[PDB]
Structure formats: structure tokens, C-alpha cells
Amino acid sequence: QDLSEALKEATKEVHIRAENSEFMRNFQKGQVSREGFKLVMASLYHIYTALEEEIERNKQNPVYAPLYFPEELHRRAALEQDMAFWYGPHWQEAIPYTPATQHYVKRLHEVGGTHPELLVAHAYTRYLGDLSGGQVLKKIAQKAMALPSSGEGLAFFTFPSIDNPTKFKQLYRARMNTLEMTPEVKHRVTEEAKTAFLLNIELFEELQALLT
């Protein structure tokens, strides 16, 4: 069984749970506000910054190298533009760094620095979602908050270096399936992917509480 398929099957359950968190449920209904949107995007800024810092650290490591697509996938630059859009010229000192976000970042660094063979679980969880359902969330946000089709404020959800997300996704999956795999690695990667989903749900639960 290919890793790409093992991951999808192993996280399809927790994915349903994540979609139904209070925050994401409200979001889907289009009840997402500027204050709430800012909290999640600021948090993603920190998360992707940590994720990509670890990706760079392990770019030449075989347990991750085949998935090294900075130009097409990396989000930090886009999130920096979004931060300037939502928080202003001095966003760096204005954006929040919540406990749940810190917790996520902590695990990302543990994985990247100590268990790099599991980094793929975290890139899969975030990037493949962005390339698929993330496009749906993008439309919802635009409609809800009157964001321009030109893209301002939603750079995170825009991949200008990729013609077709569905095509790249298939490529990314194929490359994921070239990683040297053993029962040991496959089992732990799928487990870490479930943990990654949980970290996201915990972030969403925290943000909703901060909002209510």
C-alpha cells in the first residue's frame, strides 16, 4: 500500500472531526469574521514558519528530500503578505502567538530536529489540505468577508507557482510514494499525521474559545 493512500485512509476519520470543530463549522457556514480570521491566519504564520524552517533543515535528508518543493508549496512568504494586509506594516509585533500555536510549533521542531523521518506527516497534513479543501475555504472566506478576486488578504490560499493544484497533488503523492518505506516508518508516519490533525483541532478549539 502506497504511503499517500495509507495517509489518506489513516486520517480520513480525524479529518471529519476537524471539519466539525466549532470554529471550522462556523467558518464553513460563512460566519467567519475578521477578528476570527486574523487569529487563525496569524497562527498559521507561526506554524508554517516552523514547518518550513524544519523542511529547510532536512531538505537534503532522503527521508524528506523527494518532497522538497519550496517554490510551488511554501507558504511563509504568502503568510507574511497576508499578515501585512490584516495587521498592518508592524504586524510582527502585533500578531498573537497562542499556546496551542506554540504547542504545534514545539512538536514541529521536535519532529524536524529529532524525528525527521516523520516530517512528511506534517507536510502532508498541511500542504495536501491547502491544495484541496483549502481552495474551498478560500472561496468561503472571500464571500464572507468581501475579499477581492485579485487575491489580497488570501495569499496563503493562492499558489501562483502551480498551474493546477489537482495535478501537483498527484505529483506530490507520487513523490511521497518514492520515499524509502519500511513497516516501522509507515506506521509512525500515519500516527504522526493523526497527531498533526489533532494539533490543528486543538488550535481551532482554542481560537473559538478566545472568540467566545
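We number the residues from 1 along the sequence you see. In this text, rigid core is short for the largest set of C-alphas that superpose within 1.5 Å between two forms.
S.K.: Rigid core fitted first, then name the stretch among 147-155 and 37-45 whose C-alphas deviate most from the displayed form in 9 other deposited structures of this protein.
M.R.: Between the two stretches, 147-155 moves farther in 9 other deposited structures of this protein.
S.K.: Going by root mean square C-alpha distance after a core fit, say whether 128-136 or 88-96 is farther from the shown form in 9 other deposited structures of this protein.
M.R.: This comes out as 128-136, the stretch further from the shown form in 9 other deposited structures of this protein.
S.K.: If you take the mean CA temperature factor per stretch, which one wins between 21-29 and 184-192?
M.R.: Stretch with the higher mean C-alpha B-factor: 21-29.
S.K.: Taking only the CA atoms, which stretch has the higher mean B-factor in the record, 133-141 or 116-124?
M.R.: That would be 133-141.
S.K.: Tell me, please, which of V111, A94, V105, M83 has the highest C-alpha B factor according to the deposited entry?
M.R.: The listed residue with the largest C-alpha B-factor is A94.
S.K.: If you rank the chain by CA B-factor, which third does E152 end up in: lowest, middle or highest?
M.R.: Ranked within chain, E152 CA B lands in the middle tercile.
S.K.: Would you check the entry's CA temperature factor for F168 and let me know if it's in the chain's lowest, middle or highest third?
M.R.: Answer is highest: the recorded C-alpha B-factor places it there.
S.K.: Taking the entry's C-alpha B-factors for this chain, is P160 in the lowest, middle or highest third?
M.R.: Tercile = highest for this residue's CA B-factor.
S.K.: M176's Cα B-factor: lowest, middle or highest third of the chain?
M.R.: It falls in the top third of the chain.
S.K.: When the deposited Cα B-factors of this chain's modelled residues are ordered and cut into thirds, is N61 in the lowest, the middle or the highest one?
M.R.: It falls in the middle third of the chain.
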